[PDB]
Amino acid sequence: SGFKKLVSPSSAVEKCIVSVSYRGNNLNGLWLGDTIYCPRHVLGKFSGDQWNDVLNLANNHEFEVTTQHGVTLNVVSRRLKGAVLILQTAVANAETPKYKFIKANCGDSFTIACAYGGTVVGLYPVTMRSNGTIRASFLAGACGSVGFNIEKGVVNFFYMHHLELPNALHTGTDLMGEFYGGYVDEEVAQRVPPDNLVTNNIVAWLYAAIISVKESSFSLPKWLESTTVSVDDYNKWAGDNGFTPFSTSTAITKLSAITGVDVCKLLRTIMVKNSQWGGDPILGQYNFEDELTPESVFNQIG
């Protein structure tokens, strides 16, 4: 019993994180096969069409790349792909895991390996927000940190960190070099669209709250609405109230079955609680938790 936001174990990723520095700019890279992926602003703070000329003038021998075992790696080629710099090394990483480069969708949760100087210093879970940001924890030096999970023995790489926006919002690229949310790696004002609370994850959390209450009180929570709202009617309301649309999933179907509570009561609960939460907390809170996924809640049922 108990529900937590889980982080993936980090050993396979630690074996791929390296330090990449260039003329005083210190970042991190992801070393897979004979290729290092790292943010292109290791070269400096350029914009637009300046990047290809910067790339052509750069020199491989000035990339200072070190492994966590203190081996120096040697760059033999360089290219840009989107906002990611791709550096080829003279020898391959013999500890390359099975992996895939996947784009995270809104509401998908994954683990950040927060790295400084080529060393992972801590991990934490994040959710890709509707507007292409994550709420993370990064300082100067953390760029190149990656977001990942592990599924069926494969490391999925979702994210490489580039940029901190106002209000402690973070963004970056996938491992293809494409920025989430259409941001850019420039120190200029950038529009950030409103964050929409992730309905499917809130639904998971309400089900976790019901399981908690039932497993140790056999009595449905007082805050749970008995009235229902249809999905299309909730989704109409969601578009006007800053929530993502509800969409069915295998995990949500199972959680509704396991608890015996109609998801349409949970949606009506979202609508009521959002308008006026009142004095009844849900798992101790008076605000919605939307970074715990239905799959994670399911996996924590025994």
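When you see a residue number, it is the position in the sequence shown, counting from 1.
Participant: Decide which of the stretches 141-149 and 68-76 has the higher mean C-alpha B-factor, going by the entry.
Facilitator: The deposited B-factors put 68-76 ahead on the C-alpha mean.
Participant: If you average the CA temperature factors over each stretch, which comes out higher, 110-118 or 80-88?
Facilitator: The deposited B-factors put 80-88 ahead on the C-alpha mean.
Participant: Of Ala204, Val213, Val198, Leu169, which one's C-alpha B factor is largest in the deposited record?
Facilitator: Highest C-alpha B-factor among the listed residues goes to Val213.
Participant: From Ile102, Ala189, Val184, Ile134, which pick has the Cα B-factor that tops the rest in the entry?
Facilitator: Of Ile102, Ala189, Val184, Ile134, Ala189 has the highest C-alpha B-factor.
Participant: Where does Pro221 sit by CA temperature factor within its chain: lowest, middle or highest third?
Facilitator: Highest third of the chain for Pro221's C-alpha B-factor.
Participant: Taking only the Cα B-factors deposited for this chain, tell me whether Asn28 sits in the lowest, middle or highest third.
Facilitator: According to the entry, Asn28 has a C-alpha B-factor in the chain's lowest third.
Participant: Compare the C-alpha B factor of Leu6 with those of the other modelled residues in its chain, then answer lowest, middle or highest third.
Facilitator: Tercile = middle for this residue's CA B-factor.
Participant: Using the temperature factors of the C-alpha atoms in this entry, rank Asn93 within its chain: lowest, middle or highest third.
Facilitator: Middle third - that is where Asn93 ends up once the chain's C-alpha B-factors are sorted.
Participant: Ordered by C-alpha B-factor within the chain, which third holds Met160? Give me lowest, middle or highest, please.
Facilitator: It falls in the bottom third of the chain.
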